[PDB]
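In our numbering, each residue's number is its place in the sequence shown (first place is 1) plus 9.
Backbone N, C-alpha and C define an ideal beta-carbon position, used for all residues, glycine too.
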Amino acid sequence: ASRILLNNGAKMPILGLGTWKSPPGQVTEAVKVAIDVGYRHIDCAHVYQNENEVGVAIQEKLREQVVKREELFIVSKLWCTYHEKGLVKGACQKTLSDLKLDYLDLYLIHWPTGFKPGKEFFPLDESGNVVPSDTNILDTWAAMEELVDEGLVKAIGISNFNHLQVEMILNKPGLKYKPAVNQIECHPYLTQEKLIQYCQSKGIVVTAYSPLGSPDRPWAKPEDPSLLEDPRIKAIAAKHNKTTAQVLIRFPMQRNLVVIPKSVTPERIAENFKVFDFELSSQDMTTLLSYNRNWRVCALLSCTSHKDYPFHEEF
Ligand SMILES: NC(=O)c1ccc[n+]([C@@H]2O[C@H](COP(=O)([O-])OP(=O)(O)OC[C@H]3O[C@@H](n4cnc5c(N)ncnc54)[C@H](OP(=O)(O)O)[C@@H]3O)[C@@H](O)[C@H]2O)c1
Ligand SMILES: O=C(O)Cc1nn(Cc2nc3cc(C(F)(F)F)ccc3s2)c(=O)c2ccccc12
Numbered sequence: 010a011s012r013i014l015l016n017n018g019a020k021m022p023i024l025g026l027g028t029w030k031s032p033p034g035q036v037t038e039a040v041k042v043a044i045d046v047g048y049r050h051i052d053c054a055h056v057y058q059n060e061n062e063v064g065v066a067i068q069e070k071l072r073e074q075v076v077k078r079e080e081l082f083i084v085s086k087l088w089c090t091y092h093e094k095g096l097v098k099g100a101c102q103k104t105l106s107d108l109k110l111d112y113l114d115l116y117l118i119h120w121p122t123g124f125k126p127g128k129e130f131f132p133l134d135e136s137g138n139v140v141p142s143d144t145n146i147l148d149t150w151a152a153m154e155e156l157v158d159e160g161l162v163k164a165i166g167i168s169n170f171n172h173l174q175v176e177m178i179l180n181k182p183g184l185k186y187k188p189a190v191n192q193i194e195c196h197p198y199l200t201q202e203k204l205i206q207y208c209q210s211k212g213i214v215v216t217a218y219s220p221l222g223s224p225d226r227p228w229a230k231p232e233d234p235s236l237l238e239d240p241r242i243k244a245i246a247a248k249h250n251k252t253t254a255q256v257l258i259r260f261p262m263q264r265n266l267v268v269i270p271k272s273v274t275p276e277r278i279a280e281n282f283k284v285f286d287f288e289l290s291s292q293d294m295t296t297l298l299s300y301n302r303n304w305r306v307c308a309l310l311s312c313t314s315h316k317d318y319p320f321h322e323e324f
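In structure tokens form, the structure reads like this:
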């Protein structure tokens, strides 16, 4: 099936388009092509610096009557420098204005760590350490809850939260809305079995990011493992007469995850969506799980002394 039921009663397309690193001069056409070939979910963020151009594409396809707003599922994230209660609404509204929407289907706390407010997304001290803000996860969560009660967002959730941080919100005193989603890095080198089972056991839907291993990540290094070139995955794909990327996208789907591959290449945008026409076997699934090596695309060194850094913790 194409959508999953969230704990806010709304349905979420299990395939979305990623937009991190999509250049601002190419992402408008990318998103247009994507809606044209079937995508109805777009994953965005303020910090990607391209929400305005994403918005141009959404608005044009709405204007053209290609899709109705109700049929689209638009996700954005609150960046680390806006964790303070007084900054959350304006941050959300900037995102809405740029996307040229009147509401978001889902708004996430992008990372559990609050950073000092300012124009800098990664404010650093003279030694290169990120400068924390003294906000905590629970007060940020209450600010997110207010956005629902103001109708700016239909669903709220979290991203890059470990199981103890998820648990902190679920146990939050006076919790009004549970998180709907936890968006985390997830692929055959970072399989996340424990965090996924915890979240699903609590009726929290998990979205898998970097499902292709983010080959265009700007800190990539030669020695890094490469999913798309892994002979073992290539072989599974060959078995199914599909591309390696198709297998990597279908794998999270079969774990009841949402998956959000990024591309600005029209042929690939289309390729990536043709994943509803084949199945991996249970054996394939366990075999892909066996390639776990606890490897992360996204875990920036300058942030690892933040109190709320999420990846010391086993999960
Ligand atoms: N919550 C967060 O902290 C967080 C963190 C990281 C990512 N995310 C979200 O997850 C999305 C996906 O993750 P990602 O951008 O890191 O990486 P990804 O989707 O794993 O990989 C994107 C890379 O794969 C290439 N590609 C796409 N389709 C391909 C295909 N069929 N065959 C071969 N290469 C293909 C793309 O090239 P072209 O674009 O040149 O086609 C691009 O270089 C992001 O864009 C963002 O929306 C969220
Ligand atoms: O953010 C994206 O969507 C992609 C993303 N990831 N990363 C690696 C990161 N690693 C982190 C670790 C923490 C931490 F919580 F661990 F402290 C907090 C924040 C980050 S950013 C980036 O540095 C980045 C820079 C610009 C735009 C997008 C990103």
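Is there at least one non-hydrogen atom of ligand 2 closer than 7 angstroms to the beta-carbon of residue 169? yes
Does the beta-carbon of residue 179 have 16 or more other beta-carbons within 10 angstroms, so that it is buried, or is it exposed? exposed
Starting from residue 277, trace the alpha helix (DSSP H) in both directions and tell me its first and last residue. 275-282
Tell me the rounded alpha-carbon separation between residue 245 and residue 28. 27 angstroms
Just curious, the alpha helix (DSSP H) that residue 172 is in, first and last residue? 172-179
Per DSSP, what kind of secondary structure is residue 207 in: helix, strand or coil? helix
For ligand 2, is there a heavy atom less than 7 angstroms away from the beta-carbon of residue 121? yes
Residue 86 (DSSP reduced to helix, strand or coil): strand
How do the segment 205-212 and the segment 226-241 stand: do at least 3 beta-carbon pairs fall below 8 angstroms, yes or no? no
Distance cut-off 7 angstroms: residue 307 Cβ against heavy atoms of ligand 1: yes
Have a look at the DSSP bridge pairing and note the partners of residue 217. 193 and 268
Grab the span of the alpha helix (DSSP H) containing residue 146 for me, first residue to last. 146-158
Just the C-alpha distance for residue 130 and residue 291, rounded to the nearest angstrom, thanks. 42 angstroms
Let me know the secondary structure DSSP gives residue 168 once reduced to three states. strand
Determine the direct distance from the alpha carbon of residue 31 to that of residue 111, and round the result to whole angstroms. 23 angstroms
Would you say the beta carbon of residue 315 comes nearer than 7 angstroms to a heavy atom of ligand 2? yes
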